[PDB]
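> Below is the file protein-v1.txt, with compact mmCIF, C-alpha atoms.
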# COMPACT_ATOMS: atom_id res chain seq x y z
CA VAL J 298 -79.48 6.97 -73.00
CA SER J 299 -80.83 8.75 -76.09
CA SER J 300 -84.14 8.38 -77.91
CA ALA J 301 -86.10 9.56 -80.95
CA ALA J 302 -89.51 11.29 -81.03
CA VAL J 303 -93.01 9.87 -81.43
CA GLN J 304 -94.13 9.86 -85.06
CA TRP J 305 -97.75 11.02 -85.29
CA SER J 306 -100.01 10.72 -88.34
CA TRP J 307 -103.22 12.19 -89.73
CA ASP J 308 -106.06 9.70 -89.30
CA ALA J 309 -109.69 9.62 -90.39
CA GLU J 310 -112.76 8.97 -88.24
CA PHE J 311 -113.04 5.43 -86.83
CA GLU J 312 -109.51 4.53 -87.90
CA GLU J 313 -107.02 2.63 -85.77
CA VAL J 314 -103.70 4.07 -84.63
CA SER J 315 -100.29 2.90 -85.79
CA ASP J 316 -97.74 1.63 -83.28
CA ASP J 317 -95.52 4.63 -82.52
CA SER J 318 -93.15 3.36 -79.82
CA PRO J 319 -89.85 5.30 -80.08
CA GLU J 320 -86.45 3.64 -80.26
CA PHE J 321 -83.61 4.07 -77.76
CA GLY J 322 -79.81 3.96 -77.90
CA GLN J 323 -76.85 4.03 -75.52
CA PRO J 324 -73.70 6.11 -76.04
CA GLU J 325 -70.53 4.87 -74.38
CA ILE J 326 -67.37 6.60 -73.12
CA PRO J 327 -64.29 4.66 -71.95
CA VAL J 328 -61.68 6.15 -69.62
CA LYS J 329 -57.97 6.01 -70.51
CA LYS J 330 -54.67 6.76 -68.78
CA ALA J 331 -51.61 8.91 -69.48
CA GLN J 332 -48.34 8.97 -67.56
CA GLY J 333 -44.86 10.48 -67.56
CA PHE J 334 -41.78 9.66 -65.50
CA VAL J 335 -38.67 11.74 -64.82
CA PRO J 336 -35.64 10.08 -63.16
CA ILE J 337 -32.96 11.92 -61.19
CA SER J 338 -29.68 11.09 -59.48
CA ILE J 339 -28.90 11.42 -55.78
CA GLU J 340 -26.06 13.88 -56.41
CA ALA J 341 -28.24 16.14 -58.55
CA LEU J 342 -31.18 15.97 -56.14
CA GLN J 343 -28.94 17.12 -53.27
CA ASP J 344 -26.83 19.73 -55.09
CA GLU J 345 -29.29 21.33 -57.52
CA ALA J 346 -31.44 23.98 -55.87
CA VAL W 298 -31.57 29.32 -66.90
CA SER W 299 -33.87 28.04 -69.65
CA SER W 300 -35.53 24.65 -70.16
CA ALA W 301 -38.62 23.02 -71.68
CA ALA W 302 -41.67 21.02 -70.63
CA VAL W 303 -42.04 17.27 -70.05
CA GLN W 304 -43.42 15.15 -72.89
CA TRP W 305 -46.26 12.91 -71.71
CA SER W 306 -47.69 9.87 -73.48
CA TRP W 307 -50.91 7.85 -73.54
CA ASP W 308 -49.90 4.50 -72.10
CA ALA W 309 -52.00 1.38 -71.54
CA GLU W 310 -52.56 -0.91 -68.58
CA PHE W 311 -49.31 -2.63 -67.56
CA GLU W 312 -47.10 -0.58 -69.87
CA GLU W 313 -43.68 0.90 -69.23
CA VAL W 314 -43.03 4.62 -69.18
CA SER W 315 -40.45 6.40 -71.32
CA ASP W 316 -37.50 8.48 -70.12
CA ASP W 317 -38.82 12.05 -70.17
CA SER W 318 -35.98 14.08 -68.66
CA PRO W 319 -35.99 17.72 -69.86
CA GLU W 320 -32.82 19.41 -71.09
CA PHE W 321 -31.50 22.76 -69.88
CA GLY W 322 -29.39 25.65 -71.17
CA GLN W 323 -27.79 28.92 -70.11
CA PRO W 324 -28.08 32.27 -71.91
CA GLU W 325 -25.15 34.60 -71.19
CA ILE W 326 -24.98 38.32 -71.95
CA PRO W 327 -21.45 39.79 -71.78
CA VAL W 328 -21.18 43.49 -70.95
CA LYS W 329 -19.10 45.80 -73.15
CA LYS W 330 -18.08 49.46 -73.09
CA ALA W 331 -18.13 52.64 -75.19
CA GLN W 332 -15.79 55.63 -75.22
CA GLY W 333 -15.60 59.20 -76.49
CA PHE W 334 -13.01 61.96 -76.14
CA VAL W 335 -12.61 65.65 -76.91
CA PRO W 336 -9.62 67.77 -75.85
CA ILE W 337 -9.73 71.56 -75.64
CA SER W 338 -7.17 74.30 -75.14
CA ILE W 339 -6.92 76.32 -71.95
CA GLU W 340 -7.48 79.57 -73.82
CA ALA W 341 -10.77 78.64 -75.48
CA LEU W 342 -12.46 77.71 -72.22
CA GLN W 343 -12.00 81.36 -71.27
CA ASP W 344 -12.85 82.79 -74.72
CA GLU W 345 -15.47 80.67 -76.49
CA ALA W 346 -18.83 81.08 -74.77
Since I need it in another form, could you write the structure as structure tokens?

Amino acid sequence: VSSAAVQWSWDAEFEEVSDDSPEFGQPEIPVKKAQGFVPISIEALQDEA
Amino acid sequence: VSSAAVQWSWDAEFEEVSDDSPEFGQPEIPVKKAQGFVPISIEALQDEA
């Protein structure tokens, strides 16, 4: 969650106050996948050191 | 022996994987020879200092 800052103002005497509610947002991050595959033969797996 | 790395990929959900078998090689360094000759007389060995 991220938000902005309250916006003040210069006001006189006996003067109402503006509505200064800040606004919020939501960043998002998905998760992805990566893969690699290496085959091998039985002969190679038993002979190669 | 010399080879390379394995190339990965960014696959999705329910996606096949590619054949990523690395390839090898052999560097060979034959050994060779050098030669050098100088004959001398029997007399000089006794005379020339």
> Tell me as a list in words which residues belonging to chain W come within 9 Å of chain J, counting only C-alpha atoms.
residues 303, 304, 305, 306, 307, 308, 309, 310, 314, 315, 316, 317, 318 and 319 of chain W
> Quick one: write out the picked residues with C-alpha atoms as a PDB file, in the frame of the given file?

ATOM      1  CA  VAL W 303     -42.040  17.270 -70.050  1.00  0.00           C
ATOM      2  CA  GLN W 304     -43.420  15.150 -72.890  1.00  0.00           C
ATOM      3  CA  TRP W 305     -46.260  12.910 -71.710  1.00  0.00           C
ATOM      4  CA  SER W 306     -47.690   9.870 -73.480  1.00  0.00           C
ATOM      5  CA  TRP W 307     -50.910   7.850 -73.540  1.00  0.00           C
ATOM      6  CA  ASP W 308     -49.900   4.500 -72.100  1.00  0.00           C
ATOM      7  CA  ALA W 309     -52.000   1.380 -71.540  1.00  0.00           C
ATOM      8  CA  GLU W 310     -52.560  -0.910 -68.580  1.00  0.00           C
ATOM      9  CA  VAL W 314     -43.030   4.620 -69.180  1.00  0.00           C
ATOM     10  CA  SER W 315     -40.450   6.400 -71.320  1.00  0.00           C
ATOM     11  CA  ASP W 316     -37.500   8.480 -70.120  1.00  0.00           C
ATOM     12  CA  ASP W 317     -38.820  12.050 -70.170  1.00  0.00           C
ATOM     13  CA  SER W 318     -35.980  14.080 -68.660  1.00  0.00           C
ATOM     14  CA  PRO W 319     -35.990  17.720 -69.860  1.00  0.00           C
TER      15      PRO W 319
END
> Quick one: chain J onto chain W, least squares on all Cα paired in order, result as an mmCIF file with C-alpha atoms, keeping the file's coordinate frame?

data_model
loop_
_atom_site.group_PDB
_atom_site.id
_atom_site.type_symbol
_atom_site.label_atom_id
_atom_site.label_comp_id
_atom_site.auth_asym_id
_atom_site.auth_seq_id
_atom_site.Cartn_x
_atom_site.Cartn_y
_atom_site.Cartn_z
ATOM 1 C CA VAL J 298 -31.655 29.363 -67.550
ATOM 2 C CA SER J 299 -34.146 28.013 -70.101
ATOM 3 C CA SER J 300 -35.766 24.595 -70.408
ATOM 4 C CA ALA J 301 -38.075 22.496 -72.586
ATOM 5 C CA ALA J 302 -41.360 20.808 -71.593
ATOM 6 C CA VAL J 303 -42.075 17.281 -70.376
ATOM 7 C CA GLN J 304 -42.987 14.952 -73.235
ATOM 8 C CA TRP J 305 -45.918 12.748 -72.211
ATOM 9 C CA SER J 306 -47.145 9.650 -74.054
ATOM 10 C CA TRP J 307 -50.220 7.440 -74.290
ATOM 11 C CA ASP J 308 -49.609 4.191 -72.413
ATOM 12 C CA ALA J 309 -51.580 0.983 -71.977
ATOM 13 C CA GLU J 310 -52.486 -0.778 -68.729
ATOM 14 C CA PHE J 311 -49.537 -2.253 -66.799
ATOM 15 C CA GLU J 312 -46.987 -0.513 -69.009
ATOM 16 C CA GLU J 313 -43.870 1.236 -67.755
ATOM 17 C CA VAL J 314 -43.203 4.941 -68.233
ATOM 18 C CA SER J 315 -40.498 6.414 -70.437
ATOM 19 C CA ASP J 316 -37.845 8.691 -68.957
ATOM 20 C CA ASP J 317 -39.111 12.227 -69.589
ATOM 21 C CA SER J 318 -36.537 14.447 -67.867
ATOM 22 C CA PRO J 319 -36.425 17.824 -69.685
ATOM 23 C CA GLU J 320 -33.227 19.436 -70.920
ATOM 24 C CA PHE J 321 -31.848 22.811 -69.821
ATOM 25 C CA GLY J 322 -29.735 25.545 -71.413
ATOM 26 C CA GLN J 323 -28.000 28.774 -70.415
ATOM 27 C CA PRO J 324 -28.109 32.005 -72.432
ATOM 28 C CA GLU J 325 -25.224 34.415 -71.970
ATOM 29 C CA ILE J 326 -24.876 38.200 -72.321
ATOM 30 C CA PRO J 327 -21.495 39.978 -72.163
ATOM 31 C CA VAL J 328 -21.144 43.662 -71.291
ATOM 32 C CA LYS J 329 -19.121 46.007 -73.523
ATOM 33 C CA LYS J 330 -17.833 49.579 -73.352
ATOM 34 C CA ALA J 331 -18.064 52.705 -75.508
ATOM 35 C CA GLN J 332 -16.195 55.973 -75.048
ATOM 36 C CA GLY J 333 -15.603 59.367 -76.634
ATOM 37 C CA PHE J 334 -13.084 62.092 -75.838
ATOM 38 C CA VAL J 335 -13.108 65.784 -76.749
ATOM 39 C CA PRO J 336 -9.945 67.871 -76.169
ATOM 40 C CA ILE J 337 -9.883 71.643 -75.705
ATOM 41 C CA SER J 338 -7.280 74.369 -75.303
ATOM 42 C CA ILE J 339 -6.813 76.639 -72.297
ATOM 43 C CA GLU J 340 -7.416 79.790 -74.351
ATOM 44 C CA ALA J 341 -10.670 78.457 -75.790
ATOM 45 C CA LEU J 342 -11.887 77.150 -72.429
ATOM 46 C CA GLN J 343 -11.401 80.601 -70.871
ATOM 47 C CA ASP J 344 -12.627 82.797 -73.744
ATOM 48 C CA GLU J 345 -15.502 80.791 -75.236
ATOM 49 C CA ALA J 346 -18.733 81.233 -73.304
#
> Could you check how far atom CA of residue W:300 sits from atom CA of residue J:342, in Å to one decimal?
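These two atoms are separated by 17.1 Å.
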> In Å, with one decimal, what is the gap from atom CA of residue W:326 to atom CA of residue J:340?
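About the pair atom CA of residue W:326 and atom CA of residue J:340: they are 29.0 Å apart.
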> Report, as lines of an AutoDock Vina configuration file, the axis-aligned box around all atoms of stretch 323-328 of chain W present in the file, extended by 5 Å on each side; give centre and edge lengths in Å to one decimal place.

center_x = -24.6
center_y = 36.2
center_z = -71.0
size_x = 16.9
size_y = 24.6
size_z = 11.8
